[PDB]
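In: I would like the atomic coordinates for the input below:
(chains A and B)
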Amino acid sequence: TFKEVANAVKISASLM
Amino acid sequence: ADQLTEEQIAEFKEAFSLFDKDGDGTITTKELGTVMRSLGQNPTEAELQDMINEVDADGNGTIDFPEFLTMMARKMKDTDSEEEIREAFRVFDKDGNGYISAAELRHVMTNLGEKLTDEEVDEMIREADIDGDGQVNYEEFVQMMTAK
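Out: Numbers count the residues shown, from 1 in each chain, chains lettered A, B, ... in the order given. Shown next is the structure:
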């Protein structure tokens, strides 16, 4: 999903 | 008082359902390390054991519901704007030429633990495309963050 998934892919900003 | 926007409470448990394939609230340490691989990076299998190990307070072997955001907690000290935006944008757009590619989420989302073809992503890209062009520009996906 383009709308909801944003919070899913954005959780990679801590370790990366 | 109880609800402001159903997306920030209902769709959050919709986001957890994206990683946790078992539905019990636990994912393999192989997946979480794959967060880098969405950026077209390297999988941190051994290092996420260094994070699963510390977050598995209820010791699931895997990871539980409450201790999930704690790994993000350490680095969650003052978030950036466009840097945090690109950490989802170039991470999402496999090409990045004003439009986002169709077969990208089947590439990325598959890497995020849900193995599917462009077909399943097509409904995922259609949501970003009101004109049904099968690809995502800066303006449509942008809208998705002002409304995550």
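
In: where do the helices sit along chain B?
Out: For chain B, the helices defined by DSSP state H occupy B:12-19, B:29-32, B:49-55, B:69-75, B:82-92, B:104-111, B:118-126, B:138-143.

In: One more: chain A?
Out: Under DSSP H, chain A gives helices at A:6-9.

In: Return the residue of chain A that is most distant from the centre.
Out: residue A:15 (12.2 Å; C-alpha atoms, centre = their mean).

In: I figured that residue hits residue B:43, correct?
Out: No - Residue A:15 is not in contact with residue B:43 according to C-beta atoms under 8 Å; the separation is 11.5 Å. Quick note: C-beta positions are derived from backbone N, CA and C, even for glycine.

In: tell me, what's touching the two both at once?
Out: Counting by C-beta atoms under 8 Å, 6 or more residues apart in numbering or on different chains, the residues touching both residue A:15 and residue B:43 are residue B:36.

In: Can you tell me the number of residues neighbouring the residue nearest to residue B:68 when sequence neighbours are not counted?
Out: Distances taken as C-beta to C-beta, 6 or more residues apart in numbering or on different chains place residue B:55 nearest to residue B:68, at 7.0 Å, with adjacent residues excluded. Neighbours of residue B:55 under the rule other C-beta atoms under 10 Å in any protein chain shown: 22.

In: Could I get the contacting residues of residue B:55?
Out: By C-beta under 8 Å, 6+ apart, the neighbours of residue B:55 are B:63, B:64, B:67, B:68, B:70, B:71.

In: if we go to 10 Å?
Out: B:32, B:48, B:62-64, B:66-73 (C-beta atoms under 10 Å, 6 or more residues apart in numbering or on different chains).

In: Tabulate those residues (CSV), appending neighbour count.
Out: Shown next, in CSV, are the contacts of residue B:55 (neighbours: other C-beta atoms under 10 Å in any protein chain shown):
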residue, neighbour count
B:32, 27
B:48, 23
B:62, 19
B:63, 25
B:64, 17
B:66, 10
B:67, 17
B:68, 19
B:69, 12
B:70, 14
B:71, 20
B:72, 16
B:73, 12
